[PDB]
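Take a look at this single chain in structure tokens; it is the form solved without this ligand.
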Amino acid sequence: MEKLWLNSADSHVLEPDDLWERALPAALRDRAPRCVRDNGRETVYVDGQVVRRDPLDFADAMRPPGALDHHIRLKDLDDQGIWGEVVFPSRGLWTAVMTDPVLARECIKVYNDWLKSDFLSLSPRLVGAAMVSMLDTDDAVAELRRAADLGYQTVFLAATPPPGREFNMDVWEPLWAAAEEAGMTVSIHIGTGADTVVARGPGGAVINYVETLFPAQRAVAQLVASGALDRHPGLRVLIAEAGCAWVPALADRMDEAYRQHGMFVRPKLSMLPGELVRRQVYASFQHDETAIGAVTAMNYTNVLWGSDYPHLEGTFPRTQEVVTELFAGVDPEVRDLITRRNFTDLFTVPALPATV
């Protein structure tokens, strides 16, 4: 009943409630992410601001026992037929909306040290994303370098960077250089860095779920148009949890501007935007049938599957039912590429016997 073995390019780890309470310098402790559970309500506070209010029902729906207990997580991976799994933050993501570079740097060190010592230590099937400062390039380079010396394979960046720190700016060049030198995949996860509760009228739930795409597409356009990827041929970028089929559409959109608006284009690129996307830009999805069409009809081979465990928008606990229906009638080479091989190009886990 779990016959199709998968690697998951997207999932999340819930941090211990006291992670920052115990480990931060006393001056910083009270400003770290912290939650109050009262009335029906969880309220999350970050550095003197309420950043989140939810009824406990929804909050706790994304908190099955594996989302917390790493021993149960590994058993859920077996149960769902997932071998290797990339693990992103939950509360740690709020470091991306902080305005104080020192609070962000120190909260990121704590998170990165806990994830490696207390979680990535349980199984080599776990590939964690180290956070790096969104606010200061020297802080982000130093932590990437420390995280890599510790055996991290990828860094997390928020899809919406702080104002004036868009991904086409010169300020990021030292980070691209260090990531390329380290062999570090840059993982950009959507729904991070900002607020995505922008739509309030009829259809808000569906409209807001679409709005979170825009920073993902913008990030790809900035990395491609700025020459960041062109200048760093070894630099690979994963766009996590934005789906896949918009990526070749965007490759075509950029090619059209590059070719028809060339007289306004700076910098020039050594190859077309679409060639950079197809070489270096990867994208994950959970349910999207269109991800298979991207590979088979749009020559976009950089599609990875993800469970996004334990989010509502992920596959858990119906991983096998989802993927078996997704890949019914599909070339096994394509199913292998999307569910296993793109994962192992990016990330190192112990190799299974590759059944076709």
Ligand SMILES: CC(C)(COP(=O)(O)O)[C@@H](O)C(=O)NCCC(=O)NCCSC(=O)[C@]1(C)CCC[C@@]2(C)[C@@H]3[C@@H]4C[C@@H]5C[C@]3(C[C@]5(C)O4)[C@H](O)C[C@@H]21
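A residue's number is simply how far along the shown sequence it sits, counting from 1.
J.: Can you let me know which of the two, 128 to 136 or 193 to 201, has the higher average C-alpha B-factor in the entry?
T.: Per the PDB record, 193 to 201.
J.: If you average the CA temperature factors over each stretch, which comes out higher, 114 to 122 or 255 to 263?
T.: For C-alpha atoms only, the mean B-factor is higher in 114 to 122.
J.: For the CA B factor values reported in this entry, which option in 34, 70, 41, 287 has the top one?
T.: Going by the entry's C-alpha B-factors, 41 comes out highest.
J.: Name the residue from 298, 26, 303, 46 with the greatest C-alpha temperature factor listed in the entry.
T.: In this record, 26 carries the highest C-alpha B-factor of the candidates.
J.: Tell me, lowest, middle or highest third: where does the Cα B factor of residue 10 rank within its chain?
T.: As the PDB entry reports it, the C-alpha B-factor of residue 10 lands in the lowest third of its chain.
J.: Within this chain's modelled residues, let me know which third the CA B factor of residue 325 belongs to: lowest, middle or highest.
T.: It falls in the top third of the chain.
J.: Among all modelled residues of this chain, ranked by Cα B factor, put residue 278 in the bottom, middle or top third, i.e. lowest, middle or highest.
T.: Lowest third, going by the recorded CA B-factors of the chain.
J.: Select lowest, middle or highest to describe the third in which the CA B-factor of residue 217 falls within its chain in this entry.
T.: For residue 217, the deposited C-alpha B-factor lands in the lowest third.
J.: Would you check the entry's CA temperature factor for residue 339 and let me know if it's in the chain's lowest, middle or highest third?
T.: According to the entry, residue 339 has a C-alpha B-factor in the chain's middle third.
Keep in mind the form deposited with this ligand bound is missing from the figure; the text below concerns it.
J.: Can you check 130 to 138, 183 to 191, 103 to 111, 270 to 278 and let me know which stretch has heavy atoms within 4.5 Å of this ligand in the entry with it bound?
T.: Going by heavy atoms within 4.5 Å, the stretch is 183 to 191.
J.: Taking 4.5 Å between heavy atoms as the contact cutoff, choose which of 69, 60, 30, 313 touches this ligand in the entry with it bound.
T.: Of the listed residues, the single hit is 313.
J.: Name the single residue among 94, 246, 258, 88 that comes within 4.5 Å of this ligand in the entry with it bound, judging by heavy atoms.
T.: That would be 94.
J.: Just checking whether residue 234 would be counted as a contact of this ligand in the entry with it bound - the rule being heavy atoms within 4.5 angstroms.
T.: No, residue 234 sits far enough from this ligand in the entry with it bound that none of its heavy atoms falls within 4.5 Å.
J.: Is there a heavy atom of residue 174 no more than 4.5 Å from a heavy atom of this ligand in the entry with it bound?
T.: Residue 174: no, not in contact with this ligand in the entry with it bound.
J.: Hey, in the entry with it bound, does residue 214 get a heavy atom within 4.5 angstroms of this ligand?
T.: Taking the distances in the entry with it bound, the answer for residue 214 is no, it never comes within 4.5 Å of this ligand.
J.: Is there a non-hydrogen atom of residue 196 within 4.5 angstroms of a non-hydrogen atom of this ligand in the entry with it bound?
T.: Residue 196: yes, in contact with this ligand in the entry with it bound.
J.: Check for me whether this ligand, as it appears in the entry with it bound, comes within 4.5 angstroms of all of 52, 209 and 241 - heavy atoms only.
T.: Yes: each residue has a heavy atom within 4.5 Å of the partner.
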